[PDB]
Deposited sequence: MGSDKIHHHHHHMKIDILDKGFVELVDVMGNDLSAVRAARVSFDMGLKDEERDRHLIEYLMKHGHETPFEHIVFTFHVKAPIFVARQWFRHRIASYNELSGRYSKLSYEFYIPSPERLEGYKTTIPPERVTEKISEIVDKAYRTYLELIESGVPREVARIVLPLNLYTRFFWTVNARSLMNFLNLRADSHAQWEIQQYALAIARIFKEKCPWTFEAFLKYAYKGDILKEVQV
């Protein structure tokens, strides 16, 4: 199974997939039966905005990402999500700490290594407060409110190729936050491997972003 490491502790993993490039061809033609013409049809559909045939290609991913990344990701309503709960489980001590390279191009009056240090210090104090509240009998759903947005979470994501292409237009792009761009690059890599003709036609005719290819 295709698994890609993202950020310092995150990942994107392909759990399951239904269909391939030919599923979009079989659905568009409403074919009974189970190539230059099939590839030409994918390019035609892509070129002219006939995107419904790509809805018959479905992916299930397992993602580990910080909450501030998941908040942006979960705004994609045309998909399915199941995520770890802070109400029902004790949350793990796992936080996204930016690399000093994250601040490249930014003049800071604090050294980038000291930025890294200050982020680590506050997440350690917040996690210590969280544990002290839990261990004192405070319910989990209340104790977790002191935890910061760089806490890692995990979720299952089921999405079809049309909504995935919308996600790549918006997230595999320089306007999107750098951290979610890194997840979108991995999603694109998996999409390219499972659906080469759809992905190549998407980049050529319909992809709106500025980082892919």
Q | Sequence order list of spans that the model leaves without C-alpha positions, deposited numbering | A | 1 to 11, 46 to 49, 229 to 232
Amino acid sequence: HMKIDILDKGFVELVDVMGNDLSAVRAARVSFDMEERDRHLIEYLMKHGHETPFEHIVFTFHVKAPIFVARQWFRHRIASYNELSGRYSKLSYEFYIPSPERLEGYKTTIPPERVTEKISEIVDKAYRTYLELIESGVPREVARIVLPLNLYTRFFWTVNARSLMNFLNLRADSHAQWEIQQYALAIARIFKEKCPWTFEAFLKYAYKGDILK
From here on, numbers count along this sequence of modelled residues.
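For the two forms, the rigid core is made up of the largest set of C-alpha atoms that agree within 1.5 Å on superposition.
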Q: Please indicate which stretch deviates more in 5 other deposited structures of this protein: 96 to 104 or 80 to 88, judged by C-alpha RMS distance after a core superposition?
A: 80 to 88
Q: With everything overlaid on the rigid core, name the stretch, 57 to 65 or 22 to 30, whose CA atoms wander farther on average in 5 other deposited structures of this protein.
A: 22 to 30
Q: Select between 43 to 51 and 176 to 184 the stretch whose C-alpha atoms have the higher average B-factor in the entry.
A: 43 to 51
Q. Averaging C-alpha B-factors over each stretch, which comes out higher, 77 to 85 or 117 to 125?
A. 117 to 125
Q) Mind checking which third residue 90 falls in for C-alpha B-factor across the chain? A) middle
Q.
Can you tell me whether residue 144 has a C-alpha B-factor in the lowest, middle or highest third compared with the other modelled residues of the same chain?
A. lowest
Q) What third of its chain's C-alpha B-factors does residue 26 belong to: lowest, middle or highest? A) middle
Q: State the tercile, meaning the lowest, middle or highest third, of residue 136 with respect to the CA B-factors recorded for its chain.
A: middle
Q: Within this chain's modelled residues, let me know which third the CA B factor of residue 62 belongs to: lowest, middle or highest.
A: middle
